[PDB]
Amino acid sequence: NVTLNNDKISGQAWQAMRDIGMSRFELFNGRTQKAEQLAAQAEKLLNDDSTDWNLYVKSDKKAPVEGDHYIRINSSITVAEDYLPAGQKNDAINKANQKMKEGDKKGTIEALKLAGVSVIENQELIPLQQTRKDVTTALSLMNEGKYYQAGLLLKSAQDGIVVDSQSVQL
């Protein structure tokens, strides 16, 4: 999948983060072997050598750990609707719908502005190498029987998700 500006989003890393959360839950749920399976899947997803990880990097954002980079894992939309009289907004929304039908992203943004609607794109990001290290280290702790400590690292990986909300500039 791609952002509004056509930059690639990592579905593998999104699924890895989902697996990380499920893994942590299974530690507390008394299913530590299931937790290891889920963390192992996350490790394979984040370290896939056939994936070109450069494609997902948000270059304009400094990661906390030296040499690391944030990658895009999801995009969503926030709209902000100004008050308009019912009639004027219907006609403006109808034109916005035509641009979406046409695949015209810029025309959609501009028609929505005439409807009093601003658009913000929320890009969910993770630091790639820091997340990889959390997963691999958590698995090592699980191998050692240090399950609570593994859970702390899985939670830290989740807490490293950030959301860059930006106005749409196509």
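All residue numbers are counted from 1 along the displayed sequence.
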{"item": "Entry-level comparison of average CA B-factors, 20-28 and 5-13, reporting the higher stretch", "value": "5-13"}
{"item": "Higher-B stretch (mean Cα B-factor, as the entry records it), 56-64 or 34-42", "value": "56-64"}
{"item": "Selection from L139, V119, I126, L114 [criterion: highest C-alpha temperature factor in the record]", "value": "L114"}
{"item": "Chain third (lowest, middle, highest) by recorded CA B-factor, residue given as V79", "value": "middle"}
{"item": "Position of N143 among the chain's modelled residues by C-alpha B-factor, lowest, middle or highest third", "value": "middle"}
{"item": "Among modelled residues of the same chain, the CA temperature factor third for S50", "value": "highest"}
